Amino acid sequence: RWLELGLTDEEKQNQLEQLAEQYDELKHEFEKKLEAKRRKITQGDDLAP
Amino acid sequence: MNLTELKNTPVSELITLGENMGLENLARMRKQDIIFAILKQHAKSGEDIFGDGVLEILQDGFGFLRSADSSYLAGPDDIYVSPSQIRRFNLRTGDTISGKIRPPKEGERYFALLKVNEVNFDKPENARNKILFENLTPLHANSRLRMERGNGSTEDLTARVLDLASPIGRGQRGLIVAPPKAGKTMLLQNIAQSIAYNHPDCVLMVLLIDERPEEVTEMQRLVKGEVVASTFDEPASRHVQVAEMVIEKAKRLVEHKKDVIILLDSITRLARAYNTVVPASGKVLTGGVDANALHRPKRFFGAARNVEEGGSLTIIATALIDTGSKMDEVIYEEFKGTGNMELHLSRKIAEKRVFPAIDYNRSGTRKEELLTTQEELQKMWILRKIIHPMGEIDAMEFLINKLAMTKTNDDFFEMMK
Amino acid sequence: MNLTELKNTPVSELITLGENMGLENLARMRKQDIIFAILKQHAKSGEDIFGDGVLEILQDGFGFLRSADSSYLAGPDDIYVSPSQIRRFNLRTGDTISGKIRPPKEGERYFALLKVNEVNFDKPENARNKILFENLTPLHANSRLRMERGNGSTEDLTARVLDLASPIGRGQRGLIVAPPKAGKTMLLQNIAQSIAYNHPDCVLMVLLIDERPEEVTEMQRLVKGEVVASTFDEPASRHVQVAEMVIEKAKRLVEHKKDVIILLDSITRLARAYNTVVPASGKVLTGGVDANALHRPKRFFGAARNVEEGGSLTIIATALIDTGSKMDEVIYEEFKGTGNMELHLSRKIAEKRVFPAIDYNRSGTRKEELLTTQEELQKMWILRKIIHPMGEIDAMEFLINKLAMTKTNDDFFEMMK
Ligand SMILES: Nc1ncnc2c1ncn2[C@@H]1O[C@H](COP(=O)(O)OP(=O)(O)O)[C@@H](O)[C@H]1O
Ligand SMILES: Nc1ncnc2c1ncn2[C@@H]1O[C@H](COP(=O)(O)OP(=O)(O)O)[C@@H](O)[C@H]1O
Ligand code: BEF
Ligand code: BEF
Ligand SMILES: [Mg+2]
Ligand SMILES: [Mg+2]
């Protein structure tokens with residue numbers, strides 16, 4: 001839970017930023033997937049007039 | 001690309017930029033729609049975006065980074081950030097953030113921040129180690145904000161007169177008591193120009209609440225810095241939104257050891273707005289005003305203070321009287337003595353069409369020996385004793401003549417000796 | 001055939017035209033039904049139609065082109081256009097369009113547009129390249145709209161007095177504060193006649209909201225141009241419909257670099273209408289008025305501005321006071337200082353039955369040195385100083401006598417020197 005670190009910018013900052021970006025993108029993609037699944041399963045279906 | 005360079009340019013610049021980007025006829029859409037389309041076209045070439053926005057949070061958990069183009073409202077240009085970033089980098093409302101952002105990705109519709117670069121013009125290190133606003137200790141002002149320009153033009157009078165009428169200090173709680181159509185607009189224009197010329201270090205802030213668009217554009221092209229405004233094209237929702245946005249921005253700045261000076265006009269309209277939005281708690285008093293509805297304006301006037309270690313938050317708000325609205329009357333009554341600086345303008349002198357129109361005996365500052373030096377204070381005492389027996393129109397003409405033969409205040413001082 | 005030539009003719013003309021067309025007895029149907037039948041009979045001979053209508057869109061997607069015969073309401077004469085044309089030619093509400101139309105074909109019931117010819121009296125080329133209204137920059141008025149006719153008849157007084165009481169400029173935000181039965185009807189008649197005589201280039205627009213049909217017909221036969229009206233034969237729905245129609249028409253015109261001058265009467269009735277249509281948001285204040293219900297009138301008064309590159313939108317709206325309705329009181333209170341031009345009429349002077357009845361000390365214009373020249377402004381200052389000490393009835397009689405011995409304002413000016 002404490003990914004926040006930093007020292008020796010030139011390469012460590014770049015790599016840590018890339019990995020944090022990958023992590024947040026994965027989290028956002030999975031949240032989008034979950035929200036899409038929720039909207040799909042909660043969408044009421046038509047039955048008859 | 002950077003978002004601010006799309007911010008500072010007018011609409012025709014966006015038109016020619018979109019024409020450079022080979023875009024459809026874009027004269028029909030909003031400026032923010034044009035900026036969105038141009039940023040999408042730029043990122044389609046495999047480019048990242050650089051943005052800057054003031055942060056705002058709802059109970060929904062996630063945050064929105066607004067720009068000053070819409071005076072901090074929702075729009076296609078604002079950036080969406082997850083609550084995770086707010087939890088990590090210790091973000092909060094009013095914290096202006098600048099950094100890398102990307103256009104909305106597959107299924108998204110607003111921008112998203114990638115990497116923070118400047119948190120209130122500061123690295124995240126000391127931004128996370130920020131002292132809390134209400135946890136601070138208020139003080140009084142010794143740093144005197146000199147209102148005199150020194151050039152001594154035709155209008156500089158209205159500034160230099162304050163140097164002998166109402167001293168201004170950092171973090172002062174000032175309120176203007178004035179009837180409509182008296183000269184407050186040009187007055188605040190003068191004060192903004194003077195503080196920017198004499199003190200360019202302190203970030204300037206002006207509050208245009210419930211005003212006409214002509215005044216909006218005239219003040220956004222005359223103040224010597226970034227400004228915010230709000231007309232009556234939207235209901236009190238926009239007004240309360242911009243009030244919270246500006247108050248949290250000023251709070252975060254003064255927490256970052258900044259010197260903020262907000263100019264609010266007019267405060268009665270803010271009170272009307274806060275009344276209109278807040279539901280009735282079941283008790284109303286005379287004037288059709290709810291009891292605890294004024295709590296938000298109260299707070300907004302109480303945010304002014306003087307930080308001990310460094311920084312200050314001065315608030316100079318104008319109030320409307322003599323409008324005939326008894327509601328407004330009661331409002332001013334609630335604002336009887338909440339501030340330590342009073343600027344009283346009277347319609348009687350302004351009807352004689354001389355400017356400015358100062359109520360010297362009615363205006364003043366509480367605990368003013370802590371602002372200026374001893375000789376200046378003694379000369380202020382002498383001037384007050386000389387101006388008390390005479391009336392107001394004759395006194396105003398006397399002051400105007402005395403400050404018309406002379407330019408700096410030392411000449412008038414020695415002439416009064 | 002053209003639709004406008006069926007527009008400008010009275011009912012008896014349509015009767016004889018239908019008799020020429022060998023039609024059944026048509027005295028029973030509406031004028032629009034007669035026009036529909038005549039157009040069907042004309043197209044049955046293998047003919048096309050030429051029409052002109054102001055465009056309006058609902059959420060349904062497609063658009064309707066209304067005429068001024070029904071003051072822009074639904075009818076058998078309005079033209080139906082598909083959303084495809086709106087998407088292609090970049091159409092929007094208020095955009096008056098003239099071109100080829102056909103009667104409703106098999107299964108259809110309203111007219112359909114074939115080929116656009118004039119988009120707001122302009123080719124589609126520059127009509128698609130239209131600057132957005134809210135994206136513009138407001139300004140102030142230097143072009144002085146001279147209200148003096150120069151003929152100097154018996155009633156021209158009420159116009160020339162404004163030349164010394166309330167200067168009029170292009171894009172001015174003007175509001176009249178007047179009790180009922182004081183002389184506002186003839187006042188706006190005079191102002192319309194004067195602006196049409198002195199400035200025939202600017203398109204005239206007059207708003208008759210919630211009025212009696214006699215006033216409707218008297219103003220539709222006295223204004224020097226096209227007019228719109230709305231009586232109380234329908235609920236507030238028609239009122240809000242015509243308000244949106246006229247505001248979008250004026251917006252599209254001023255976007256086409258036009259000079260629009262709208263005369264609204266009365267604005268309190270528009271506020272009542274907007275209150276009646278808009279549902280309650282759960283919060284009501286004193287007067288039985290919703291909080292954010294006044295947002296639409298606010299906006300309508302805020303639409304007035306001055307375009308930088310060219311064109312202007314002046315709005316002169318009348319408000320009703322002294323009616324005893326506290327609701328109305330609160331309404332005027334909301335309209336305390338939203339406009340930069342006030343025309344105050346008092347019942348006390350009108351009870352002495354002299355016309356006009358100007359409240360000189362209460363009326364005025366903010367930032368008026370930018371409208372007229374320097375000598376005219378100095379003479380206005382002199383007249384204001386001369387009229388301030390005296391009362392109102394004596395001052396009105398004095399002004400009437402002084403402008404009765406003389407005809408043009410230069411004579412009164414030099415006589416005041
Ligand atoms: N110090 C001044 N110097 C020159 N003109 C002034 C001065 N003060 C006021 N005026 C004039 O008086 C008018 C003030 O009107 P306005 O500013 O709209 O009212 P308010 O003072 O309530 O904002 C302006 O047109 C301005 O030209
Ligand atoms: N310039 C004028 N000359 C003569 N009579 C006038 C003049 N202006 C107003 N009046 C009188 O005042 C009355 C105004 O009537 P009305 O139009 O109902 O007032 P309002 O416009 O306030 O509704 C008219 O009956 C008319 O006789
Ligand atoms: F700007 Be004025 F005081 F209405
Ligand atoms: F036209 Be009246 F003043 F009702
Ligand atoms: Mg003002
Ligand atoms: Mg009338």
# chains A, B, ... in the order shown; residues from 1 in each chain; ligands from 1
call {"tool": "residues_around", "arguments": {"residues": "segment 26-30 of chain A", "least_positions_apart": "5", "cutoff": "9 Å", "atoms": "only C-alpha atoms", "output": "JSON, numbers by chain"}}
result
{"A": [21, 35], "B": [82]}
call {"tool": "residues_near_ligand", "arguments": {"ligand": "ligand 2", "cutoff": "9 Å", "atoms": "only C-alpha atoms and all ligand atoms", "output": "compact mmCIF listing (two decimals) with N, CA, C and O atoms, in the first residue's frame"}}
result
# COMPACT_ATOMS: atom_id res chain seq x y z
N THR C 154 -45.86 67.40 -31.12
CA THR C 154 -46.39 67.46 -29.76
C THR C 154 -45.91 66.32 -28.87
O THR C 154 -45.69 66.53 -27.68
N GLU C 155 -45.73 65.11 -29.42
CA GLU C 155 -45.34 63.96 -28.63
C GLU C 155 -43.84 63.70 -28.62
O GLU C 155 -43.34 63.04 -27.70
N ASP C 156 -43.11 64.22 -29.61
CA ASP C 156 -41.67 64.02 -29.72
C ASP C 156 -40.93 64.39 -28.43
O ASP C 156 -39.80 63.92 -28.23
N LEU C 157 -41.54 65.20 -27.57
CA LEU C 157 -41.01 65.47 -26.24
C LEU C 157 -40.52 64.19 -25.57
O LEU C 157 -39.35 64.08 -25.20
N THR C 158 -41.41 63.20 -25.43
CA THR C 158 -41.07 61.98 -24.70
C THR C 158 -39.82 61.31 -25.25
O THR C 158 -39.14 60.58 -24.52
N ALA C 178 -41.69 51.09 -13.55
CA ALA C 178 -42.87 51.92 -13.72
C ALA C 178 -44.12 51.26 -13.17
O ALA C 178 -44.26 50.03 -13.28
N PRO C 179 -45.04 52.03 -12.58
CA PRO C 179 -46.31 51.47 -12.14
C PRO C 179 -47.27 51.32 -13.30
O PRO C 179 -47.08 51.95 -14.35
N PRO C 180 -48.30 50.50 -13.17
CA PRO C 180 -49.25 50.33 -14.27
C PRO C 180 -50.04 51.61 -14.52
O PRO C 180 -50.24 52.44 -13.64
N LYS C 181 -50.48 51.74 -15.77
CA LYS C 181 -51.31 52.87 -16.21
C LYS C 181 -50.57 54.19 -16.00
O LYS C 181 -51.04 55.12 -15.34
N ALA C 182 -49.37 54.26 -16.56
CA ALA C 182 -48.53 55.45 -16.47
C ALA C 182 -48.11 56.01 -17.82
O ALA C 182 -47.79 57.20 -17.90
N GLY C 183 -48.12 55.20 -18.88
CA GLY C 183 -47.77 55.69 -20.19
C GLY C 183 -46.61 54.95 -20.84
O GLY C 183 -45.93 55.51 -21.71
N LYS C 184 -46.39 53.70 -20.44
CA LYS C 184 -45.29 52.93 -21.02
C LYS C 184 -45.59 52.49 -22.44
O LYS C 184 -44.68 52.38 -23.26
N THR C 185 -46.86 52.21 -22.75
CA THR C 185 -47.22 51.74 -24.08
C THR C 185 -46.85 52.77 -25.14
O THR C 185 -46.10 52.48 -26.09
N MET C 186 -47.37 53.99 -25.01
CA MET C 186 -47.00 55.06 -25.93
C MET C 186 -45.52 55.38 -25.85
O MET C 186 -44.93 55.80 -26.85
N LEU C 187 -44.88 55.16 -24.69
CA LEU C 187 -43.45 55.40 -24.57
C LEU C 187 -42.66 54.48 -25.50
O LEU C 187 -41.79 54.93 -26.25
N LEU C 188 -42.94 53.18 -25.44
CA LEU C 188 -42.25 52.25 -26.33
C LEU C 188 -42.65 52.45 -27.78
O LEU C 188 -41.82 52.27 -28.67
N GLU C 215 -53.97 46.04 -27.76
CA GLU C 215 -52.60 46.53 -27.79
C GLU C 215 -51.77 45.78 -28.83
O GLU C 215 -50.93 46.38 -29.52
N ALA C 350 -47.50 61.24 -13.00
CA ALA C 350 -48.53 60.87 -13.97
C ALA C 350 -49.94 61.16 -13.45
O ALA C 350 -50.86 61.33 -14.26
N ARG C 353 -50.94 64.22 -14.57
CA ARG C 353 -51.47 64.09 -15.93
C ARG C 353 -50.68 64.92 -16.93
O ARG C 353 -51.22 65.45 -17.91
N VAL C 354 -49.38 65.05 -16.69
CA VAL C 354 -48.44 65.63 -17.63
C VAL C 354 -47.55 64.51 -18.14
O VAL C 354 -47.19 63.60 -17.39
N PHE C 355 -47.24 64.54 -19.44
CA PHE C 355 -46.48 63.46 -20.04
C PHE C 355 -45.31 64.01 -20.85
O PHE C 355 -45.46 65.02 -21.55
N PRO C 356 -44.13 63.37 -20.76
CA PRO C 356 -43.88 62.20 -19.92
C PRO C 356 -43.71 62.54 -18.44
O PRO C 356 -43.87 63.70 -18.06
N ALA C 357 -43.38 61.54 -17.62
CA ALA C 357 -43.20 61.72 -16.18
C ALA C 357 -41.88 61.05 -15.80
O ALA C 357 -41.85 59.87 -15.43
call {"tool": "residues_around", "arguments": {"residues": "segment 191-196 of chain C", "least_positions_apart": "5", "cutoff": "12 Å", "atoms": "only C-alpha atoms", "output": "PyMOL selection string"}}
result
chain C and resi 144-152+155-163+168-170+184-186+201-207+219-227+259-264+314+316
call {"tool": "select_by_dssp", "arguments": {"residues": "segment 22-199 of chain B", "states": "alpha helix (DSSP H)", "output": "PyMOL selection string"}}
result
chain B and resi 31-44+83-89+124-128+157-160+162-165+184-198
call {"tool": "residues_around", "arguments": {"residues": "residue 48 of chain B", "least_positions_apart": "6", "cutoff": "12 Å", "atoms": "only C-alpha atoms", "output": "MDAnalysis selection string"}}
result
chainID B and resid 1:3 39:42 99:104 111:115
call {"tool": "write_last_selection", "arguments": {"atoms": "N, CA and C atoms", "output": "compact mmCIF listing (two decimals), in the first residue's frame"}}
result
# COMPACT_ATOMS: atom_id res chain seq x y z
N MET B 1 1.55 18.96 -26.20
CA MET B 1 1.08 20.33 -26.03
C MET B 1 0.73 20.63 -24.58
N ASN B 2 0.65 21.92 -24.26
CA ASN B 2 0.22 22.39 -22.95
C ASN B 2 -1.19 22.97 -23.07
N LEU B 3 -1.98 22.80 -22.00
CA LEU B 3 -3.35 23.30 -22.01
C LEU B 3 -3.40 24.81 -21.81
N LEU B 39 -6.91 18.79 -28.90
CA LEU B 39 -6.08 17.90 -28.10
C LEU B 39 -6.21 16.45 -28.57
N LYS B 40 -7.42 16.04 -28.95
CA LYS B 40 -7.59 14.70 -29.51
C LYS B 40 -6.81 14.54 -30.81
N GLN B 41 -6.88 15.55 -31.68
CA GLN B 41 -6.14 15.49 -32.94
C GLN B 41 -4.63 15.46 -32.70
N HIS B 42 -4.16 16.18 -31.68
CA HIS B 42 -2.74 16.21 -31.39
C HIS B 42 -2.27 14.88 -30.81
N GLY B 99 0.36 19.05 -14.48
CA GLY B 99 1.16 17.90 -14.84
C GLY B 99 0.67 17.23 -16.10
N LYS B 100 1.18 16.02 -16.32
CA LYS B 100 0.88 15.26 -17.52
C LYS B 100 -0.54 14.71 -17.47
N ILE B 101 -1.27 14.86 -18.57
CA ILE B 101 -2.62 14.35 -18.72
C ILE B 101 -2.75 13.77 -20.13
N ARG B 102 -3.74 12.89 -20.28
CA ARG B 102 -4.03 12.23 -21.54
C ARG B 102 -5.48 12.46 -21.91
N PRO B 103 -5.79 12.45 -23.20
CA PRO B 103 -7.19 12.52 -23.62
C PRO B 103 -7.95 11.30 -23.13
N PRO B 104 -9.28 11.37 -23.07
CA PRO B 104 -10.05 10.22 -22.58
C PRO B 104 -9.84 9.00 -23.46
N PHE B 111 -10.53 14.08 -19.50
CA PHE B 111 -9.10 13.84 -19.39
C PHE B 111 -8.75 13.21 -18.04
N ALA B 112 -7.60 12.55 -18.01
CA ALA B 112 -7.11 11.88 -16.81
C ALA B 112 -5.65 12.23 -16.59
N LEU B 113 -5.29 12.48 -15.34
CA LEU B 113 -3.93 12.88 -15.00
C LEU B 113 -3.02 11.66 -14.91
N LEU B 114 -1.80 11.80 -15.43
CA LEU B 114 -0.82 10.72 -15.42
C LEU B 114 0.19 10.88 -14.29
N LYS B 115 0.90 12.01 -14.26
CA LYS B 115 1.94 12.25 -13.27
C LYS B 115 1.87 13.70 -12.82
call {"tool": "residues_near_ligand", "arguments": {"ligand": "ligand 3", "cutoff": "12 Å", "atoms": "only C-alpha atoms and all ligand atoms", "output": "ChimeraX atom specification"}}
result
/B:176-188,208,210-212,214-215,265-266,269,318-323,345-347,350 /C:335-342,364-367
call {"tool": "atom_distance", "arguments": {"atom1": "atom 16 (P, counted along the ligand's line) of ligand 1", "atom2": "atom CA of residue 416 of chain C"}}
result
26.4 Å
call {"tool": "interface_residues", "arguments": {"of": "chain B", "to": "chain C", "cutoff": "8 Å", "atoms": "only C-alpha atoms", "output": "MDAnalysis selection string"}}
result
chainID B and resid 11 25 27:31 180:181 211:214 217:218 232:236 276:277 279:280 288 323 325 352
